[PDB]
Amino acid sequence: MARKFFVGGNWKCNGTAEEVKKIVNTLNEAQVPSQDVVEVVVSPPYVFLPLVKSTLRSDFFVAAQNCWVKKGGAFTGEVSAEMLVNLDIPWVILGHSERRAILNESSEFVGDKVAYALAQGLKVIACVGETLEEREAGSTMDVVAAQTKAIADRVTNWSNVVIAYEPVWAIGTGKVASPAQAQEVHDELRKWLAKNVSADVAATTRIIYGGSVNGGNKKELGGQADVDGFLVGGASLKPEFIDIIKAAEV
């Protein structure tokens, strides 16, 4: 069965109570393709997770932007996966490029987070991606395979995993990734999954594009053979997020 298009919206470290109410209302009024056609996840900061879950339309789902690597306890400042389950938050973003780079989350740390989140019943958007230095060194697939392998070695089930490829080398560097460049990485990543995990896992796992997506490139990006949707950054705070969801209609 074909992979269901997936659109996640990462709000990052943004939001006020008034802004969140506006974003949620605009999402609630949106008219988008059916749940059979597209799966929509929105990810507010921790402090807004109960508010968004309590007010968002029930056919869009809520994600935390991170969670802790293991059971709760003496980890001041962290939020455990079981906390998210207690609050009926079904999804979590793990390994986002900003946490790998600015907060120095290693691939093994991320992989341990994915496994623990899955073991608590969460669904995971697992992020991978190479930097500009890594791409110019010709290490793109070496880096992305190593990041993916660290996850693969630690999980027991891929059913509730979505992989997000982030072309970090293009974000904020001035460079711009083409739909062909994105398809190139996605194809190779899915090929890695078929070889190293299983053909079934490669065929069924959504691999979403985490680079710059707008009205101009959304159709061409979403139509790529191995691109199954988007992990949206800043546009997820804006009405145009709805336009990006509408790319699922083909």
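Start at 1 and count along the sequence shown; that's the residue number.
### Task
Decide which of the stretches 188-196 and 59-67 has the higher mean C-alpha B-factor, going by the entry.
Result: 188-196.
### Query
If you average the CA temperature factors over each stretch, which comes out higher, 23-31 or 178-186?
Comparing 23-31 with 178-186, the higher average CA B-factor belongs to 178-186.
### Query
Taking the Cα B-factors listed in the entry, which of 134, 78, 98, 166 comes out highest?
The listed residue with the largest C-alpha B-factor is 134.
### Task
Choose from 239, 229, 15, 234 the residue with the greatest Cα B-factor as stated in the PDB record.
Max CA B-factor in the entry, restricted to 239, 229, 15, 234: 234.
### Task
Consider only the C-alpha atoms of the modelled residues in this chain, order them by B-factor as the entry records it, and name the third containing residue 41: lowest, middle or highest.
As the PDB entry reports it, the C-alpha B-factor of residue 41 lands in the lowest third of its chain.
### Third of the chain, ranked by Cα B-factor, where residue 108 sits
It belongs to the middle third of the chain when residues are ordered by C-alpha B-factor.
### Task
Determine, from the deposited record, the chain-internal third of the Cα B-factor for residue 90: lowest, middle or highest.
Tercile = lowest for this residue's CA B-factor.
### Task
Comparing against every modelled residue in the chain, figure out the third that the C-alpha B-factor of residue 156 lands in (lowest, middle or highest).
Its C-alpha B-factor belongs to the middle third of this chain's values.
### Message
What third of the chain does residue 144 rank in for C-alpha temperature factor, lowest, middle or highest?
### Response
Ranked within chain, residue 144 CA B lands in the highest tercile.
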